[PDB]
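# A structural walkthrough
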Amino acid sequence: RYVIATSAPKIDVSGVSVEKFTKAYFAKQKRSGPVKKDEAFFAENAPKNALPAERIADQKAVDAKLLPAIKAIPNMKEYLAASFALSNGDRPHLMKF
Amino acid sequence: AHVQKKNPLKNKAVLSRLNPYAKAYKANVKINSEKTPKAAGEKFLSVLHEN
Amino acid sequence: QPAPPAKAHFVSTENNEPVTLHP
Amino acid sequence: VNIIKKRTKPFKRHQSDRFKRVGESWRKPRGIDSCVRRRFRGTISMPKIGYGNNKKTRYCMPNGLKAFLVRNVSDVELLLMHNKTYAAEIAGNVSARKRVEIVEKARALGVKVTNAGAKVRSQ
Amino acid sequence: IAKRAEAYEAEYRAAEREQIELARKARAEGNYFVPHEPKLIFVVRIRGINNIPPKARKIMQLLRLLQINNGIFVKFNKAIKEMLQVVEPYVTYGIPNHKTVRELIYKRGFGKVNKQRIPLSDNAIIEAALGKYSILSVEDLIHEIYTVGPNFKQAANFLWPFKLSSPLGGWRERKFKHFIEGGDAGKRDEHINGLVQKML
RNA sequence: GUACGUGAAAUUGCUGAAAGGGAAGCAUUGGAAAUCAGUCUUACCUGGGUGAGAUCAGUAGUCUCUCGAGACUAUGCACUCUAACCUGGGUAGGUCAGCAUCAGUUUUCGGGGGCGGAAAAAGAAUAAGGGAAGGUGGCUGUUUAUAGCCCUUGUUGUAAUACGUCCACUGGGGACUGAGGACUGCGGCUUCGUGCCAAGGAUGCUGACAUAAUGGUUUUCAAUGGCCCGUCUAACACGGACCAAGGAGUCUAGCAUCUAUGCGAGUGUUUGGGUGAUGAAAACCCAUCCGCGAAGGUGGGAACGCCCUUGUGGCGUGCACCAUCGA
RNA sequence: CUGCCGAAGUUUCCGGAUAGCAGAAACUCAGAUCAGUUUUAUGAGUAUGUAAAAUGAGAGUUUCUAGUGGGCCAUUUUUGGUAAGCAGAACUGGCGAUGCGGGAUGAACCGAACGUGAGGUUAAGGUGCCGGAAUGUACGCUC
RNA sequence: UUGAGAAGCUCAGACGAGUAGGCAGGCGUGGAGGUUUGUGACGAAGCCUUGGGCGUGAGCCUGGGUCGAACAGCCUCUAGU
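Residues numbered from 1 in each chain as written, not as in the entry; some residues may be left out. Chains lettered and ligands numbered in written order. Part of a larger assembly, values for the part shown. Heavy atoms only, no water.

As recorded in the PDB header, cryo-EM is the method behind this entry, and the stated resolution is 3.7 Å.

Here is the structure:
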């Protein structure tokens, strides 16, 4: 619902394996209360919740197998990097998406 | 029994509970074709277009 | 018991042609 | 069942805000000259049986447990089988010692004591 | 029940088919054709309970009318027609087609058992009260109601007065003058159809 | 601190915060400030190992009750059980946000097709005939020519659309509600064991939070409403400076109704007498008077038998009460 | 303090009555016992009353017991009336006991009769601003 | 399936102004008998409160401050309520 669909030209997603993602893929990392050895009241640490090596790896992977696809469509690499912002003088209902 | 008043026009399950005919209706039967004939008498059209 | 109202019937106009009036 | 109130502002006897002799507890007016009795619009409302609340979520605190005055240590014992529908409200004149022993036993029965903290400063 | 329904459903067409046929004959012949008259009428109240003459107050009691916007199914004859004219500025009647006689007993169909208002959401609700007159379901009840039969009095006393809402889209402009000068009161004939397709 | 137990209201002064453009007062919905509460503190639940023993002992004794049921004192802590510690795995209620498939009520866009009228009228295209003009080309006057128009019929027609309906035909969009609490039922799909289902009222998937998100309560602001109370008989008049405490259908006799209880052709001890060691004016017992009172048939009809037309109906006994003829 | 039922405000005789309206029990009948009602039939000089069809609805009997015989209007006949009002008799309703939307505020006007709320839809009346809703559509009027 | 305070429990419909009047259930105050193995100098009653809670309401329960000797709930009786 918080996505506005767009009739902008499409691409090929047959090369990317989206079935790797499931509803447990984006599940949060389970706070789980690992034993803190109650002295932890004093000493504090942090895992920096860093993105694991698996996430940064596939991010390079899935992008590498769609970047040439949007390179084929002109004005598409630079269509993505911009943002959307309606302006005074525009009215979303009558404009087409 | 009967906690809610279900509507047999807008619910398609209570309708079949009340009316065991919804499995054969065929509301729109093609009882005519291209060959429909005009049936308009001359003396009726004379009293029609009179005055 | 009540006297029932009137069902349908034809009425031929070969001897009685409908005349046109004006108010 | 979530508790609900049909009204939250209590009723307030007519012109009991102006005069200090007239108290705020409700008294139905008795004169047919009255604007209020004839129920003219704009005047204050009245207690009626319409504002009666749900017959199951009545007498319940906003949490859901009804109250119960426990005035000694064997009045909280009856609440052993009713710890999820009653809150052990301690009575007001109970001493600040007999109070600290109801709390230590109601806590074993899992009963919510609503005002266990009175006169009891903890260390 | 379906064996009764198949008989009824084909019969509604087979009487609607002939008035298609029996007018296609006369109009192509020069003959004229009065129709099978309305024998059912459907009366919907228009005015409240305030400032009603006592003569017209009794009559609307004798037509199960105790509230503004109540429809009832009543048998239409001479002694009904002269009774409606004396309550004419407080009611509104007209011919119901087969669709309103369906949508009023499927949506707002409430029976009368033990002087209680019990809905028509089960055939056993109808079989209990009207079993002894061979009425077995809503479809038997619709046939007996709309195609007037002998038990129509014994079936119109079953259904409650049809308590309807105010018509989506409103009434006309000024309500309590006779229908034939704008407004809506008295007979509406086929246009009581397009009034129930608003309240319902 | 003798202006002395507690020390309410009117009422007065100071301090703090507000508000106030020839009216405040209050009610409703909320903003701002202040402040308050909520269990959320933690708890829960699940294995192994280590130790402890008891309701355990292929165990010995005491007492109270009734063979064994509890309370015990030994001794072991094996077999069972629970349980402290160490070791590990999984796991709210509280509030507020979403989103999904639903149910109820409802509103607003459509999509498709039947069925009807002059089997809509038009119209288009195409053959006849007729007519003319607000007279075109041509020459003010004329009849399709170098524009065309109208009327009638044929034909494309076995026409479209519109209008009025109907679909137990279909795509969506928004809104409020979630009452009830094992299964009982009506149903539909099944897949032949079943089970499942939009089918007798909501469940599921997540996310924020306890130096907290919501929720209140006060002062005030905004919007909208709001003729001063009681007695009178539209306004009035009459009462009202305010606060506190007092203050008005009570007791008794008689009569009648209703209800309750005790006894019942009876009923009522208390004028008295007897008794009462523990308020002995109580309770309890009671003589002789006395007061009030003191079975006729015929029709229904409550109920109950026997029925056999299941019932219906028949058939018998018929209370109170009511008619009918007896006295 | 809350809840339930809830009138008359006119008689009929003689301040007392009876009836009525509201009530309590007992006891009747599930029937044609009824009905501020409409049909059809008989008559009667479109109206009049009488009886057995429609339509609805369960009806009935007494016993014992409170309040109540004020009026303000609106409705139509209406005779006496006239500069001009009007005066009076009868019928029907409201209000008295009734709040609510409009009618700018008003009891006699238009709608509507009320438990506590949410969501929808309307009546009356409205949609230029105050004021929630079309400076909408159509055709004719007016200086 | 336990929901037998049968004075309880449970299912379903309709209804909701109200004057004189009629009926019913409750709230509160002072004393009396019974009861709470009742509360109280670790603070009873009272009083005040920009605190919280319940009931439709009469009212009740409670936190904080003040204060200093008595007091309340339940079932009945009683009225100078």
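That covers the picture; the talk isn't over yet.
## With respect to the interface of chain E and chain B
Counting residues at the interface gives 23 residues for chain E and 22 residues for chain B. A per-residue breakdown of the area chain E buries against chain B is headed by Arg27, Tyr106 and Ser121 of chain E, which together make up 27% of the total. Linking chain E to chain B there are zero salt bridges. Joining chain E to chain B, the criterion identifies five residue pairs in polar contact. (Contact = heavy atoms within 4.5 Å. Buried area = accessible area lost by both parts, 1.4 Å probe. Salt bridge = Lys/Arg side-chain N within 4 Å of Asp/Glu carboxyl O. Polar contact = N/O pair within 3.5 Å; in protein donor to acceptor, adjacent residues only side chain to side chain.)

## As for the pairing of strand β6 (residues 116–119) of chain E
Residue and element names in this part refer to chain E. Where strand β5 (residues 110–113) lies against β6, four bridges are found, and the strand directions are antiparallel. Counted as the bridge partner of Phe110 is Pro119 from β6. Counted between consecutive antiparallel strands, the loop separating β5 from β6 contains two residues, among which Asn114 sits at a positive phi close to 55 degrees. (Pairing = 2+ DSSP bridges. Helix = DSSP H or I, 4+ residues; strand = E, 2+ residues; numbered from the N terminus.)

## Comments concerning the nonpolar core
Core analysis: the biggest nonpolar cluster contains 30 residues, and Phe42, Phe73, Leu141, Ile145, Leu159 and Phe162 of chain E have the highest contact counts within it. When residues of this core are traced back to their parent elements, those giving at least two are α1 (2–29), β2 (40–44), α4 (100–106), α5 (123–130), α6 (138–146), α7 (152–156) and α8 (193–199) of chain E. (Core = buried A, V, L, I, M, F, W, Y, C linked by side-chain atoms within 4.5 Å. Buried < 20%, exposed > 50% of the residue type's maximum accessible area, 1.4 Å probe, protein only.)

## Observations concerning the packing of aromatic side chains
On inspection of all chains with the given rule, the structure shows twelve aromatic pairs over all chains. Between the aromatic rings of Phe84 of chain A and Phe97 of chain A, the centroid separation amounts to 5.6 Å while the plane-to-plane angle is 85 degrees, which identifies the pairing as edge-to-face. In this pair, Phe84 of chain A is assigned in the segment after α3 (77–81) and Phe97 of chain A in the segment after α3, connecting sequence segments 13 residues apart. Centroid distance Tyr21 of chain B to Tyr25 of chain B: 6.4 Å. Interplanar angle 75 degrees. Geometry classified as edge-to-face. The class for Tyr25 of chain B is partly exposed, based on a relative accessible area of 43%. Through a chain of ring-to-ring contacts, three or more aromatic side chains come together here, namely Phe21, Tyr25 and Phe26 of chain A. Over the aromatic face of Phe19 of chain D sits the side chain of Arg21 of chain D, whose NZ or CZ is 4.7 Å from the ring centroid. The side chain of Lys112 of chain E reaches across the aromatic face of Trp160 of chain E, ending 4.9 Å from its centre. (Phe/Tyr/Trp six-rings, centres within 6.5 Å; stacked < 30°, edge-to-face > 60°. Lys NZ or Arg CZ within 6 Å of the ring centre and 35° of its normal.)

## Some details on the pattern of salt bridges
Residues and elements named next belong to chain E. Overall, the coordinates contain nine salt bridges over all chains when judged by the stated rule. The closest approach of N and O atoms between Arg13 and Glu9, which form a salt bridge, is 2.8 Å. Residue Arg13 and its partner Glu9 are located together in helix α1, separated by four residues, close to a single helical turn. Take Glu9: its relative accessible area is 11%, and that puts it in the buried class.

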